[PDB]
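Structure, as structure tokens:
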Amino acid sequence: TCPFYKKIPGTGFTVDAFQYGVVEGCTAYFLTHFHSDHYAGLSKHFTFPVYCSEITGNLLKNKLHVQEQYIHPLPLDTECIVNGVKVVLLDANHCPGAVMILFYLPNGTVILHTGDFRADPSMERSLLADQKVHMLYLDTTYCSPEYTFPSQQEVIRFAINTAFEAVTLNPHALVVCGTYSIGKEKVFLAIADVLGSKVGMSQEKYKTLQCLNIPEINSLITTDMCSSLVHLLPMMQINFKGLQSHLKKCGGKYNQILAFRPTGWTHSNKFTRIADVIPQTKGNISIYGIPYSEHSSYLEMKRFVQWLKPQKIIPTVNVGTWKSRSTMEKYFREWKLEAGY
Ligand code: NI
């Protein structure tokens, strides 16, 4: 049965609620983004209206085979009426296609559902600037001050400089990047661009990338692994055994692997600057963990919320333990007392 923090009161609507069967009274199911914990339950047999971005709708049709008649894509930054209620989709600065949803309830209440997001000051000049929000359903993934990490731009500067140095010292090195979902495409696209290579990958992952409206993509990716010196592999294979095995398959073209694992936060963020990051090495194989996040840091989250000044906050992440819920509630009250709302 569908939990309360996935229901929008005063509407027939649910958010990211596909794993509960037919939800009683739901007339439209919104999907914020194409990540498995959020789409869990959708397939070609789904027969209710799904509201989402254009990119999410390309993935629903091609990857999960949802029939076209039930997919309702909306443009961003545009007031739309759905089943008699005004809504707006806003860019979430998460993975490709990911949105926040503003609902303008018939009674005058305004609700923002962030989905998954990485808060940014640019959001302070979207259509959020123009009116008050009563309720915030918030992505609280990293809602604790110990969660620090660098900007995406610093992380990509590190990756590009590292890969270019390596391959210029040894033209026979291969670069490998891990993946398990959409998101974090800048990692492998930026490295391939500095090296003058396309990115090589499986047919399944090429298919997923072709749904994402990325400009000039045919110029950047390929299924011909032999023509490429940046390969994508599943995240589970990014270890010394899996990489050894891959190097065997390359027919003696290469004699060294430099590999990247984009993670979210890890506790090595509590000690080490991005500049100081070092790999794990065994023989001719080196693996770097790089903290490329598509969720808000604590500080980014706090800034957004203190700007928005919501009357009530409903967390959507870390909701399963009393200790988590109490920690989050304490920071929300600190933020409100400090800012004065
Ligand atoms: Ni996500």
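Is it the case, given these coordinates, that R125 is without any contact (Cβ under 8 Å) to a residue 12 or more places away in the chain, in the same structural domain as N318 (by CATH) and closer than 30 Å to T148 by Cβ?
yes
Does segment 128-156 hold any residues that are under 26 Å from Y288 (Cα atoms) and without any contact (Cβ under 8 Å) to a residue 12 or more places away in the chain, and which are they?
Answer for segment 128-156, where residues must be under 26 Å from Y288 (Cα atoms) and without any contact (Cβ under 8 Å) to a residue 12 or more places away in the chain: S151, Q153.
Could you pull out the residue among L258, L232, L243, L247 that is aliphatic (A, V, I, L, M), touching a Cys at 6+ places or on another chain (Cβ under 7 Å) and farther than 18 Å from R118 by Cα?
Just one listed residue meets the conditions, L232.
Tell me which residues, restricted to segment 29-74, are within 16 Å of the ligand (Cβ to nearest atom), part of a helix (DSSP H, G or I) and surrounded by 13 or more Cβ atoms within 10 Å (Cβ to Cβ).
If the condition is that a residue be within 16 Å of the ligand (Cβ to nearest atom), part of a helix (DSSP H, G or I) and surrounded by 13 or more Cβ atoms within 10 Å (Cβ to Cβ), then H38, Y39, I55, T56, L59, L60 are the ones that fit.
Among the residues in segment 53-74, are any closer than 19 Å to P315 by Cα and in contact with a strand residue (DSSP E or B) (Cβ under 6 Å, 6 or more places away or on another chain)?
No, there is no match, as no residue in segment 53-74 is closer than 19 Å to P315 by Cα and in contact with a strand residue (DSSP E or B) (Cβ under 6 Å, 6 or more places away or on another chain).
Take the residues in segment 261-298 that are part of a strand (DSSP E or B), among the hydroxyl-bearing types (S, T, Y) and over 14 Å from the mean Cα position of the chain (by Cα); name whichever of them is farthest from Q153 (Cα to Cα).
Only one residue fits best here, namely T281.
Just to be sure, is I101 surrounded by 19 or more Cβ atoms within 10 Å (Cβ to Cβ), closer than 16 Å to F13 by Cα and within 16 Å of the chain's Cα centre (by Cα)?
So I101 fits the description; yes.
Tell me, which residue of segment 299-327 that is under 22 Å from the mean Cα position of the chain (by Cα) and in a loop (DSSP other than H, G, I, E, B) is surrounded by the most Cβ atoms within 10 Å (Cβ to Cβ)?
If we take residues in segment 299-327 being under 22 Å from the mean Cα position of the chain (by Cα) and in a loop (DSSP other than H, G, I, E, B), then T316 is surrounded by the most Cβ atoms within 10 Å (Cβ to Cβ).
Enumerate the pairs (first residue in segment 51-63 and touching a residue at least 12 places away in the same chain (Cβ under 8 Å); second residue anywhere and of a type in the set (S, T, Y) and in a helix (DSSP H, G or I)) with beta-carbon separation below 7 Å, excluding pairs fewer than 6 apart on the same chain, so at least 6 apart or on different chains.
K63/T208
Determine which single condition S245 fails, assuming it passes every other condition in (1) assigned by CATH to the domain that holds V199; (2) surrounded by 14 or more Cβ atoms within 10 Å (Cβ to Cβ).
(2)
Would you mind finding the one in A166, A98, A159 that is touching a residue at least 40 places away in the same chain (Cβ under 8 Å), among the small types (G, A, S) and within 16 Å of the ligand (Cβ to nearest atom)?
So the residue among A166, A98, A159 that is touching a residue at least 40 places away in the same chain (Cβ under 8 Å), among the small types (G, A, S) and within 16 Å of the ligand (Cβ to nearest atom) is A98.
The values are calculated or read from the model by the stated rules, or taken from the named source; these are not laboratory values. Backbone-built Cβ (ideal geometry, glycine too); neighbour counts: all protein chains shown.
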